[PDB]
Structures are given as structure tokens and as C-alpha cells.
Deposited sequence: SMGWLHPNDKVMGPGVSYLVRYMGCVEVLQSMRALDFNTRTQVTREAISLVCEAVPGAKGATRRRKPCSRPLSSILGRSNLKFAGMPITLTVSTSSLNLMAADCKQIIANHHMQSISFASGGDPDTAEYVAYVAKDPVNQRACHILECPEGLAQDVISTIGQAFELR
């Protein structure tokens, strides 16, 4: 119930893997450091809402915070992946266990959070990549794993 869930060497070395469902991303148009924590949390909650209302079968299924949240990218939304969380990156690998959906360098991650009780299986993180710029990426996790994922993302960030 307290503290990191995995040995530090594991997170620093190969990373920790999870099976989750990538749910797409939502462009983020302000630096997270310019916003208060409560606002950061609202942005992630709303990004989760945006993707869940579009992607069929999403467990969590005018808009607020349109100054901060922009367009959705649904190209890879709904796809099962292996997420590998390490000190180098968040690595997102497709169901063939070959194709890389995304590899978000850890140094590019500027916020991570869960949802609320209605979206408790979701993880949101704000990253940069050359495709999506600053965007909020959404993962739908199996029961139990969302908090593990969020904790381990922090562990990786800190150990980097």
C-alpha cells in the first residue's frame, strides 16, 4: 500500500511490462507547470473523457478546458499493447509484439495521473513526441494495474 512496487534495478534496466489498451491521445496546448495541480488533474480527467466517448468499448464511456486540450488522435486508439516502463522511456508495443506505437522518452513526461472513481482503471500522461507534440496519452488498464502503472512511471522518472 506504500511506496514503489518494483525493484529499482528492474525499472533502471529492462523496465517493467504491463498489458494495457492504448486509448489514443489529446493534444495539450499549455505547459503543465503553468497550471495548478487541481487544473492539471482536470485536464487529464477531461482527456480521459474525450477518448472514452469516441473509442468503442471504452470502460469509462461545449467541452471544458478547450484552451488547454486540443484535438484527439485516434489512429492507434483501442489497440492492446505491451507497455514497458523504464528509466529510458514509456515504450508502447502492438499485439504482434513487434511494431512500436510510440516510445516516449522519460525526460519528456511532464505529468502523470489516474482518473477518478468512475475512471479508476485509466492512466493519463503528458509527453512530447515528434508526431503528437505535447499530448496527453490515455491507457486503459486491467483491474488493479492502473495504480501500479502510475507509481512505476514516477519511479522511472525519479531513477532516470
| query | finding |
| --- | --- |
| Unmodelled intervals of the deposited chain, in order | 62-68 |
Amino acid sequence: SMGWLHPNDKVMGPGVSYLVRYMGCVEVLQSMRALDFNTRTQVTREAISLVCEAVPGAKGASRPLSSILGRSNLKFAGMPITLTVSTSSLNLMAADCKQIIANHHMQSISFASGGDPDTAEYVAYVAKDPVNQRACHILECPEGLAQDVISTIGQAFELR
From here on, numbers count along this sequence of modelled residues.
property: 68-76 versus 86-94 - greater average Cα B-factor per the deposited record; result: 68-76
property: Of 108-116 and 126-134, the one with larger mean CA B-factor; result: 126-134
property: Ranked C-alpha temperature factor of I48 among modelled chain residues, by third; result: lowest
property: Relative C-alpha B-factor of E143, binned into the chain's lowest, middle or highest third; result: highest
